[PDB]
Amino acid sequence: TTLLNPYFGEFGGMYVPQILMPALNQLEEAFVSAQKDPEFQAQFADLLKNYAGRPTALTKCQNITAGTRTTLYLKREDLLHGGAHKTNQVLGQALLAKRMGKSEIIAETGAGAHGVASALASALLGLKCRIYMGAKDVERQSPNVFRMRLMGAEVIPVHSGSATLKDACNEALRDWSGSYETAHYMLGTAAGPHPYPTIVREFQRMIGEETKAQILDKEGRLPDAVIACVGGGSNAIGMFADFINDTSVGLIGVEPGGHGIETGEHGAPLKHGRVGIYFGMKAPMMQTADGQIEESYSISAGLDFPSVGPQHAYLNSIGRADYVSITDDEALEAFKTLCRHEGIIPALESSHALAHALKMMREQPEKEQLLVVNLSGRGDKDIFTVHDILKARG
């Protein structure tokens, strides 16, 4: 029994061991209560504004669209405190934990952006935070790891299974089942069991709400399309949510194509996987023919996840949103182009979104189109990675 619908059509649900259901029901009730509480909303708004720095800019990119009929804006989540959109919903989830009287935080991270956001929020709000990241991720990401620890967080390397984001996800669920009385699990994307896909969307939806107000102010109409990269789905659903009922606005999600879809080394389960049940949800998965969860791949650590949030699977199935992929090489070109022509260093995750917008423009340069790319993060974390590639490539 739940207060809200755990499914988006066929996708979603609460596929957890029985012991975790009370934790999920408790969280749902606290969220429903908080959403009707003006005091909670005011506290959340205060932190977003005065701590994280919202609203974020909407930047018009003139140089990169010169000589075409594309007008391109970037929604500047790269300017949020912490350097990525992950901060928005960690602040909300940390307040929910406090509402519930919890004193501890568990979080998973792959890239480290969600982990750093979880640790910063925990430091600000007086929560004891432990981060699962998993050996392979911990072995690299020493910068983000040190920031996490430099903010008082416990970073726990997971050596279970492949020793990556999915196992990080696994060990987080493992820990929470025993600790949920004291600890809140601060899931980092719009995926997992209900009510997380719903909570994460609602605590990211100011991205799209601001974008709508800003485009209206600057252009006097809605965008033709808003474009975002899709790992688990949080930045994209945060940009999309407030435009879902504006049927003229295209919603384009960009999954990582890695070395190329045909290679099988990608992270695009929405369009190239098949529906499975894992991490508490029924959703598109990359999986072996036998139903083992496959390993994904992307140059960008933040998109390297073999599933996707269920609301994206739903919006795709009904034709409301369209999903595409961008390869490592396309994302790297977009990264270089934005640095050189606009003076903004984008995260490699966000570079996938930009690459697809550049394709929309280049393929049809006399098509009139007003596009917004969600620039979900800054690319300082990726400078060493891009350096080593361009040095290896020549």
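Just count from 1 along the sequence shown to find any residue number.
- Mean CA B-factor, 382 to 390 versus 369 to 377: the higher value falls on 382 to 390.
- Averaged over Cα atoms, the B-factor as recorded in the entry is higher for 126 to 134 than for the other of 88 to 96 and 126 to 134.
- Across the residues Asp217, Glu209, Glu255, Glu171, the deposited record lists the maximum Cα B factor for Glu171.
- Reading the B-factor column for the CA atoms of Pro269, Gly276, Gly82, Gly101 in the entry, the top value corresponds to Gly101.
- Residue-level temperature factors show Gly161 in the highest third of its chain, judged at the C-alpha atom.
- The deposited CA B-factor of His341 belongs to the middle third of values across its chain.
- Residue-level temperature factors show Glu181 in the highest third of its chain, judged at the C-alpha atom.
- Among the modelled residues of its chain, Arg69 has a C-alpha B-factor that falls in the middle third, as given in the PDB entry.
- Annotation for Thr189: CA B-factor lies in the middle third of the chain's modelled residues.
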